[PDB]
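A.B. asks: This one's experimental. Sequence and coordinates below.
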Amino acid sequence: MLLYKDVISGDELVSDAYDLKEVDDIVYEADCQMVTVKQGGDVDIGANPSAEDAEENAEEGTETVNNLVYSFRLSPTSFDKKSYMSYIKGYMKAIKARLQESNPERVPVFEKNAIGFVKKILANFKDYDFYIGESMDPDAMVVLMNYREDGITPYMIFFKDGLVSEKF
């Protein structure tokens, strides 16, 4: 029920309606489940000439999708290996300033903890993928999608430093 949004440019990055766990480091984890819904194509809010919506006569088009991405229309975008270093570097520094203006005591704990997680993320930045909200900003809240140690549990992480809690 809790709603967490970013102030830099995340806009509703995740919520507790699913489940959130903060790792000893400084990030939250919102688990997502798969649900089957009847979708008949969308392609943005308008962008098609003429169609029939028939395809076959033995299946309409049921597609399972995460409940967090569907409710928050999460939008995953492609990225570059070297481009990732520039986004995490200029983004980490951006937060460093937000602490100095708000809480300067979070500058050191945030640097050491965030530095450790970044080192374990580069080991497989591809397996963590890179998501982005409708804001379309490579310097806003960045969420990564990774499967637990099992693989049957899809979960994403949201930097707690750039995540606030909102009560209904």
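C.D. replies: Looks like it arrived, so ask away. Numbering: from 1, shown residues only.
A.B. asks: Near residue 44, how many residues? Count them for me, please.
C.D. replies: 6 (other CB atoms under 10 Å). (Each C-beta comes from the backbone N, C-alpha and C, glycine too.)
A.B. asks: repeat for residue 106
C.D. replies: Neighbours around residue 106, by other CB under 10 Å: 17.
A.B. asks: thinking it is in contact with residue 96, fair?
C.D. replies: No: between residue 106 and residue 96 there is no contact under CB atoms under 8 Å: 9.3 Å.
A.B. asks: distance of the residue nearest in space to the middle of the chain from residue 135?
C.D. replies: Nearest to the mean C-alpha position of the chain, counting by CA atoms, centre = their mean, stands residue 143 at 2.9 Å. Per CB to CB, to the nearest Å, residue 143 is found 12 Å from residue 135.
A.B. asks: what touches both of these two?
C.D. replies: Common neighbours of residue 143 and residue 135, using CB atoms under 8 Å, 6 or more residues apart in numbering, do not exist here.
A.B. asks: Give the other helices and strands that the helix or strand where residue 97 lies contacts.
C.D. replies: Here residue 97, judged by DSSP states H and E, is contained in helix 81-101. When contacts are defined as 3 or more CB pairs under 8 Å, 6 or more residues apart in numbering; DSSP states H and E, helix 81-101 sits against helix 106-122.
A.B. asks: Show me where this protein has its strands.
C.D. replies: Assigned by DSSP state E, the chain shows strands spanning 3-5, 14-15, 20-22, 27-31, 34-38, 62-66, 75-76, 131-132, 143-147, 154-159, 164-166.
A.B. asks: Out of those strands, which gets nearest to residue 102?
C.D. replies: Taking CB to CB, strand 164-166 is the member of the strands of the chain nearest to residue 102, at 11.1 Å.
A.B. asks: how far away is residue 138 from residue 130?
C.D. replies: 9 Å.
A.B. asks: what's the answer for residue 18, then?
C.D. replies: Residue 18 is 20 Å from residue 130, by CB to CB.
A.B. asks: Kindly report the same for residue 55.
C.D. replies: 32 Å.
A.B. asks: what do you get for residue 101?
C.D. replies: Taking CB to CB, one finds residue 101 at 27 Å from residue 130.
A.B. asks: Comparing the two, which residue is more hemmed in?
C.D. replies: Using other CB under 10 Å as the criterion, residue 101 and residue 130 rank with residue 130 on top: 19 against 7.
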